[PDB]
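Every residue, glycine as well, gets a Cβ built from its backbone with ideal geometry; the counts of neighbours run over all protein chains shown. Every number here is computed from the coordinates shown, using simple stated rules; none is lab data.
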There are 2 protein chains.
Amino acid sequence: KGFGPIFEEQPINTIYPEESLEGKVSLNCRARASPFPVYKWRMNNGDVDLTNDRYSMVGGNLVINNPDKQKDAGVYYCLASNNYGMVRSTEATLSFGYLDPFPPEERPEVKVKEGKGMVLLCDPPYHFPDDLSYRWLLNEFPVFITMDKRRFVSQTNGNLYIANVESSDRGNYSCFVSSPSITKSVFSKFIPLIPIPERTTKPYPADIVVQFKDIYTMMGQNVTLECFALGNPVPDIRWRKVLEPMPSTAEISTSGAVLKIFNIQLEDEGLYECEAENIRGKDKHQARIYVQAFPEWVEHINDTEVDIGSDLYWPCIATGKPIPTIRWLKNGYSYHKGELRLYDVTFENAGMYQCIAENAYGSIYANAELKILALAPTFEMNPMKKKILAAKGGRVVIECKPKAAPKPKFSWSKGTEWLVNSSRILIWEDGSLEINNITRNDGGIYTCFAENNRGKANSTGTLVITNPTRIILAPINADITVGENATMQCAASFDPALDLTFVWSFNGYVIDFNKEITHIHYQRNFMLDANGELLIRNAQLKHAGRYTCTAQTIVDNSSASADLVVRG
Amino acid sequence: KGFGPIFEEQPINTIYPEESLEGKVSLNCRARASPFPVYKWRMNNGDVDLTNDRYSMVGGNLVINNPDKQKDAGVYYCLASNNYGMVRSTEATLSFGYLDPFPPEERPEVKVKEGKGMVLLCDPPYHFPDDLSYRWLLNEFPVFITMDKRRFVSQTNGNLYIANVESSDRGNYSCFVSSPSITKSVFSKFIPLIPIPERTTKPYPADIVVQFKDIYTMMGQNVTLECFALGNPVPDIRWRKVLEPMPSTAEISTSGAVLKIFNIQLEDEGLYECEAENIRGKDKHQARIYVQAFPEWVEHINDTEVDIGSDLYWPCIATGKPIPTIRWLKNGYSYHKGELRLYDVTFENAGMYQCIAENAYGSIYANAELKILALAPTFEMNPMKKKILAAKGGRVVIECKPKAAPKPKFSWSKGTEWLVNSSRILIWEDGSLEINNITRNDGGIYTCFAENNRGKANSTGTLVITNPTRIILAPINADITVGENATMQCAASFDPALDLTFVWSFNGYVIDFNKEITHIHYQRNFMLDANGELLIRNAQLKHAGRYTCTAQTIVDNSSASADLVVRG
Ligand SMILES: *[C@@H]1O[C@H](CO)[C@@H](O[C@@H]2O[C@H](CO)[C@@H](O[C@@H]3O[C@H](CO[C@H]4O[C@H](CO)[C@@H](O)[C@H](O)[C@@H]4O)[C@@H](O)[C@H](O[C@H]4O[C@H](CO)[C@@H](O)[C@H](O)[C@@H]4O)[C@@H]3O)[C@H](O)[C@H]2NC(C)=O)[C@H](O)[C@H]1NC(C)=O
Ligand SMILES: *[C@@H]1O[C@H](CO)[C@@H](O[C@@H]2O[C@H](CO)[C@@H](O[C@@H]3O[C@H](CO[C@H]4O[C@H](CO)[C@@H](O)[C@H](O)[C@@H]4O)[C@@H](O)[C@H](O[C@H]4O[C@H](CO)[C@@H](O)[C@H](O)[C@@H]4O)[C@@H]3O)[C@H](O)[C@H]2NC(C)=O)[C@H](O)[C@H]1NC(C)=O
Ligand SMILES: *[C@@H]1O[C@H](CO)[C@@H](O[C@@H]2O[C@H](CO)[C@@H](O[C@@H]3O[C@H](CO)[C@@H](O)[C@H](O[C@H]4O[C@H](CO)[C@@H](O)[C@H](O)[C@@H]4O)[C@@H]3O)[C@H](O)[C@H]2NC(C)=O)[C@H](O)[C@H]1NC(C)=O
Ligand SMILES: *[C@@H]1O[C@H](CO)[C@@H](O[C@@H]2O[C@H](CO)[C@@H](O[C@@H]3O[C@H](CO)[C@@H](O)[C@H](O[C@H]4O[C@H](CO)[C@@H](O)[C@H](O)[C@@H]4O)[C@@H]3O)[C@H](O)[C@H]2NC(C)=O)[C@H](O)[C@H]1NC(C)=O
Ligand SMILES: *[C@@H]1O[C@H](CO)[C@@H](O[C@@H]2O[C@H](CO)[C@@H](O)[C@H](O)[C@H]2NC(C)=O)[C@H](O)[C@H]1NC(C)=O
Ligand SMILES: *[C@@H]1O[C@H](CO)[C@@H](O[C@@H]2O[C@H](CO)[C@@H](O)[C@H](O)[C@H]2NC(C)=O)[C@H](O)[C@H]1NC(C)=O
Ligand SMILES: *[C@@H]1O[C@H](CO)[C@@H](O[C@@H]2O[C@H](CO)[C@@H](O)[C@H](O)[C@H]2NC(C)=O)[C@H](O)[C@H]1NC(C)=O
Ligand SMILES: *[C@@H]1O[C@H](CO)[C@@H](O)[C@H](O)[C@H]1NC(C)=O
Ligand SMILES: *[C@@H]1O[C@H](CO)[C@@H](O)[C@H](O)[C@H]1NC(C)=O
Ligand SMILES: *[C@@H]1O[C@H](CO)[C@@H](O)[C@H](O)[C@H]1NC(C)=O
Ligand SMILES: *[C@@H]1O[C@H](CO)[C@@H](O)[C@H](O)[C@H]1NC(C)=O
Ligand SMILES: *[C@@H]1O[C@H](CO)[C@@H](O)[C@H](O)[C@H]1NC(C)=O
């Protein structure tokens, strides 16, 4: 009677700000067990030395003081152990956020002809996390650039694209890069932009300068595609899917340069086309969108308890767009490559088992405990039935299923005589006893013996035999016209000790007699101790058919059928 | 805009205690209507005078002062009238509870031989409500007789039956009758009972003296059956069904002399047998239990509004164990004999209609209002579609459904020319227009005119015709082995204004492309403006079959199929 280690908290991927006020980085790991568990940690698939005046432990959590990329960056995972086995936590990656300021060198001036679009390169500084948000400031820091059809800011390159340049756009433009992971924002030095005036602005055809390449995205994620063009007449951008309908969860946005898809499905895979139009010309661009899916469990493993010597199959099934591979760990070490199947299970197999399902994109863990039971045969839970009722000429099966672990051997003895396999007497291996073509000499006391490696068990039962239930008078077929009265006769013989009932069925279907419609034309008039007749009034065409009377008792049932024809 | 009278509160059967403290009896009747209703009352199928001083009116409720059996007891019902018709309330019976005290005459003494059962007659006084409860007192009023297997108290006759008489039974016995309806209790004069002692008492066989006759009871009601026998050895009573199982909601009780059935079903109909046993002999008694069911609505009528000249069918359906008869009243007077059906409805038919469903046991009312509408044809709610899309050689139907009462006449005009019934052009009577084998000359502006007895209406619409979508290159049948790559080709021609899609189906079922299983072997590949091919990888036996490519657009769809054979 114990409790294996179960993971409550597992470490997650973490990024530590380089300039954080706190000098400590903590990874969380916590587990439950009946004997208090022991926690261990591993770094880059290698053991981590304890003490050293750097690492510290806080109830299973690993704390590092003044971490340096040259020392701590990498993969950590946690191990929870006890007297019943070990369990491994999900691998967690620890990295450090990096973001330097822009170079303080002055930016050169840029002159642009009015009516000609231009591109401004942000050239962001060095950074470790690539989840950067880009904006642009005008003249002063508090000022920001509004998103229009002429002005576009790429979220990948970080550049600023102006389709049409006018005198109103003149001024100093600076880039602004923010990282939310490290919460650090920096702006570049301002670039003066001067538009040379023109009296006869020249039109330019639409040219797509911001394109979106082939993108692999996961199911359920939010995906954004960018497409932008330049030209003297403000170009219009339209999105469409190739010979297919656009996904329902699609937002073109007001600007028309960004396409957002929420909770992408497997159907959305294919080509997407962005078309830019103006008065002078037009352009088209096609891109590939591939859809993938993280591994998701179908039948995850649960704490299981099995008997000794019994073959065991654990169903571990996961589904993903790329067929995921299945792995099996035992106490934190590789054990199986998929479809774990055990034979002649013993105490050695018991422990903690972990099924991993991993594709090329993600991996999911499932933890469980396998316990082994060793028990002597006992009939306390499912004892033998005191009285069993049987009839002559009918096969009878007596169940003797005890609670035993190693699947013990079964024997049957008729009180003072031992039974063996015979023609009409059969002992199948599940423990029950079969008797065919029964006679009154068969009734008596039967004892079921179960012999096991650990102990033996004996159970007693009594079987009594009664006369079979048969039908003396069967119903006679009849033919009548519409609107006449019909009578169906049924009389049965049974054992007085047993209770007999009569059930009428029409064309293979039992009549319920609980609906008002059936009572109109059908009535049951059971009389005497064995007479069970049926009356039909105001017969109709649909009433004609097969009527079967069944005498039913607790041991067997006997049926006799007849036909009723209705003419007009 | 009017509103007919609708009943909120209806009078119920009432019993008034003869010696009540309050001297007024009130019957409640309430209805709502847009013109405030007028209330009338009827007594014993006859009008009741409003000015009698005894009677008074309180907001539609009828109050009676100092009611007397000879004058006021009987059947009352309420009538709610207005400018739109009359409605009748459910008939309510008003009766007066009656219970006089016992006669003060002394009761003679009764001597009984020990070992012989006896019967004590209550002789209850006159009473109007028959829901009497019987008990018995010994010597003093607070003392009561407990019900045992020897002592039984009938709830119908009210007598006390003693199966075995002993010396302890001597004493004075008085009957006690209570009525819950009037909450009145009275006890009779005491009867002295003296048992003559006997030595070596001889046993007597069991004789059933309390029997239960054939009983008709309604579905869902509570049924009680009484059976009791007498004899020197205290007899045991058992209840059973002849050739069927006893109802689940059956309680035999501790005494064994009363059988209780709760929420009786239609199945409980049949014979019930009571068996009394002792040492000397036994006895059996059979009785018939018949089950009935009150009328219950299936599709009761509701306030309905219909147009003029339209045939009307009123569905009024009720179900009961005895087939209920259906009657139709109009404004409180007989109108129809069942299944009311009206043709060429006019203003005269509008009013208040009452469907009654009554069997031999109960009756159910259903009140409703039938309104008739006369309206000029209008296209405000369902105007003509501004733009209609069609294809060459394809049949097209243009819907012109106005809101008009007498089903007006319809005409169609191509702007300046009137259309008539033709070979390819047919104008059916519902108002829509059908065109077959359409050509480019057919496209244009069509006007639907609706001429009615009351006014006319004109609606305008524009129908544009486009080229049909067909398949230039059809898929080619292919035969391959398992594990091979197959390509199915499909190319279509369509009108550039319309948007075209491609749908692939396998063996008459469209492929969803939303399940991970389909993506394993199927890859849909679309290119250009008309190329839509499909790729099958790692073919299996189950993949072989019929593949159909369907080019689908807003106007029509064109399909082409092919076959794929798999070997190996
Ligand atoms: C034939 O006999 C049966 C059985 O006696 C009657 O049916 C019972 O009627 C009583 C009331 O007359 C019901 O009791 C009520 O139960 C309500 C809750 O119903 C649920 O819970 C009960 C008990 O577990 C279930 O049986 C039932 O199916 C439901 O699941 C309570 O809310 C009621 O309380 C209110 O009314 C009582 C009335 O005395 C007040 O005292 C309370 O203060 C409160 O206002 C009430 O207790 C009972 O549930 C019904 N069924 C059964 C099986 O007992 C038939 O009415 C009766 N028919 C005829 C024609 O005689
Ligand atoms: C221009 O051309 C159009 C198209 O042919 C005509 O529209 C037809 O109008 C006639 C009436 O003049 C319609 O005939 C009637 O149709 C009724 C509805 O039929 C449907 O429902 C029945 C129900 O059983 C179906 O069996 C049937 O297949 C339909 O689905 C019928 O109920 C009518 O039956 C009888 O009614 C009277 C009653 O006395 C008899 O006198 C009749 O002779 C008839 O036996 C009747 O058949 C016809 O249905 C309309 N066409 C279509 C396609 O529905 C226009 O009338 C014609 N002229 C003008 C000016 O528009
Ligand atoms: C956008 O970038 C442009 C870059 O060209 C920038 O233009 C410069 O602005 C400064 C600030 O106004 C200018 O410097 C001034 O020039 C005027 C005209 O010559 C002088 O009168 C000013 O003198 C005052 O300030 C001096 C500061 O030392 C004092 O010493 C003096 O006593 C006066 O108080 C001042 O020198 C500069 O000429 C322009 N142009 C260039 C090429 O630098 C612009 O300001 C930026 N911001 C915008 C446009 O919002
Ligand atoms: C007395 O008679 C009974 C009644 O037959 C007998 O019980 C039988 O035992 C045999 C031996 O195991 C059972 O046969 C097996 O049953 C299991 C469960 O269904 C099957 O999985 C087995 O299939 C394998 O074995 C076959 C060869 O037996 C192979 O050909 C097959 O390809 C499989 O590899 C096998 O069929 C049999 O089912 C029972 N009978 C039952 C359950 O009704 C008993 O052994 C006899 N002797 C005694 C009691 O001393
Ligand atoms: C993708 O965006 C949707 C936006 O709806 C996210 O769904 C939730 O939307 C509600 C809107 O009120 C937000 O309050 C929630 O915070 C959103 N998230 C969740 C988990 O509920 C969705 O989560 C986004 N998915 C990703 C992967 O970013
Ligand atoms: C078929 O039997 C039924 C049931 O008896 C007959 O219906 C009624 O039966 C009662 C029996 O007491 C008679 O009093 C009625 O006169 C019978 N008729 C009706 C209409 O209720 C039924 O009549 C019998 N069949 C025929 C063809 O008469
Ligand atoms: C059928 O075509 C598919 C698609 O071209 C082939 O898939 C290849 O799969 C392997 C393993 O994932 C990739 O490395 C290859 O790149 C895929 N092919 C191409 C062209 O990229 C598949 O092998 C083909 N099978 C047969 C029997 O021809
Ligand atoms: C394990 O328990 C979960 C609890 O919801 C259940 O969904 C799952 O089916 C169980 N495992 C198996 C193999 O049934
Ligand atoms: C059956 O087992 C019980 C133990 O529970 C034992 O007392 C009894 O003697 C056994 N019967 C035999 C061996 O016949
Ligand atoms: C019954 O009444 C009689 C008549 O007065 C009396 O003699 C006798 O004692 C009474 N019995 C009991 C038990 O009080
Ligand atoms: C009639 O109205 C009642 C409610 O008043 C509703 O329960 C019933 O379903 C309605 N039946 C029809 C046919 O509209
Ligand atoms: C349609 O009817 C309206 C009034 O009902 C009228 O003003 C209009 O001129 C009519 N149009 C045609 C085309 O008859």
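Laid out as a table, the results:
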| item | result |
| --- | --- |
| Rounded FRET efficiency, nearest 0.05, which uses the C-beta distance separating A:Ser493 from B:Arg280 and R0 of 22 Å | 0.15 |
| Inter-label distance, nm, simple model (7 Å from Cα along the C-beta direction), B:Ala562/A:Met57 | 6.8 nm |
| Over the stretch B:491-568 - Rg/Rh using Cα atoms and the Kirkwood inverse-distance radius | 0.99 |
| Cα radius of gyration and Dmax for the stretch A:437-568 (Å) | 21.4, 77 |
| Per residue convex hull volume, Cα atoms of the stretch A:6-97, in Å³ | 95 Å³ |
| Calculated label separations, A:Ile323, copies of the chain, 7 Å along the beta-carbon direction, nm | 6.7 |
| Test item: Cα-centred dipole of the stretch B:110-196, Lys/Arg +1 and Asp/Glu -1 on Cβ, debye | 220 debye |
| Ratio Rg/Rh, restricted to chain B and using Cα atoms, in which Rh is the Kirkwood radius | 1.24 |
| Distance from the stretch A:125-154 to the stretch B:291-306 (C-alpha centre basis), Å | 72 Å |
| At 7 Å out from Cα toward Cβ: B:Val464 inter-copy label distances (nm, ascending) | 9.1 |
| Ascending list, in nanometres, of distances separating the B:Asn222 label from those of the other copies (7 Å, Cα toward Cβ) | 6.3 |
| Gained length - B:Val75 relative to B:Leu21, 0.36 nm times residue gap less alpha-carbon distance | 17.1 nm |
| Efficiency of FRET from Cβ geometry, B:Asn441 and B:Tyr343, R₀ 41 Å, rounded to 0.05 | 0.40 |
| Along principal axes, Cα extents of the stretch A:53-198, largest first, whole Å | 85, 30, 23 |
| Gyration tensor (Cα) of the stretch B:115-200, equivalent ellipsoid semi-axes in angstrom | 26, 13, 10 |
| Rounded FRET efficiency, nearest 0.05, which uses the C-beta distance separating A:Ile476 from B:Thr325 and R0 of 41 Å | 0.65 |
| Of B:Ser81, B:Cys448, B:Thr462, farthest towards positive along the dipole that unit charges on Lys, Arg, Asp, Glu beta carbons give chain B | B:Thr462 |
| Where only alpha carbons of the protein assembly as shown are counted, the Rg and the Dmax (Å) | 46.8, 146 |
| Net charge dipole size for the stretch A:276-341 [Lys, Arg +1 and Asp, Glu -1 on Cβ; Debye, nearest 20] | 760 debye |
| Potential extension, B:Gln265-B:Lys111 segment - 0.36 nm per residue separation minus Cα distance | 50.8 nm |
| Shielding by partners, peptide B:499-507 (average Cβ within 10 angstrom, other chains) | 2 |
| Label-to-label distance, nm, for residues given as A:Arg240 and B:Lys407 (7 Å Cα→Cβ offset) | 4.6 nm |
| Cα centroid separation - the stretch B:428-493 against the stretch A:58-93, whole Å | 67 Å |
| Unit charges at the beta carbon, dipole of the protein assembly as shown: most positive-side option, B:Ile425, A:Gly256, A:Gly338 | B:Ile425 |
| Volume per residue of the C-alpha convex hull in the stretch B:387-466, rounded to whole Å³ | 85 Å³ |
| Test item: B:286-296 mean partner chain Cβ contacts at 10 Å | 1 |
| Estimated inter-spin distance, A:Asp214 and A:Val48, nm [label 7 Å along Cα→Cβ] | 4.0 nm |
| Highest-first arrangement of A:65-71, B:167-173, where packing means the average Cβ count within 10 Å | B:167-173, A:65-71 |
| Separation between Cα centres of the stretch B:515-568 and the stretch A:393-426, rounded to whole Å | 59 Å |
| Inter-chain shielding of A:259-272 (mean C-beta neighbours from other protein chains, 10 Å cut-off) | 2 |
| Segments A:347-353, B:180-186 sorted - mean Cβ within 10 Å per residue, highest first | A:347-353, B:180-186 |
| Total charge dipole magnitude, the protein assembly as shown, about the Cα centre, Cβ charges on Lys, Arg, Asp, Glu only, Debye to nearest 20 | 1000 debye |
| Rg over Rh [alpha-carbon atoms, Kirkwood Rh] for the stretch A:207-292 | 0.98 |
| 5 Å-binned pair-distance histogram of the stretch A:279-404 (Cα, whole percent) | 2, 8, 13, 13, 10, 9, 8, 7, 7, 6, 5, 3, 2, 2, 1, 1, 1, 1, 1, 0, 0 |
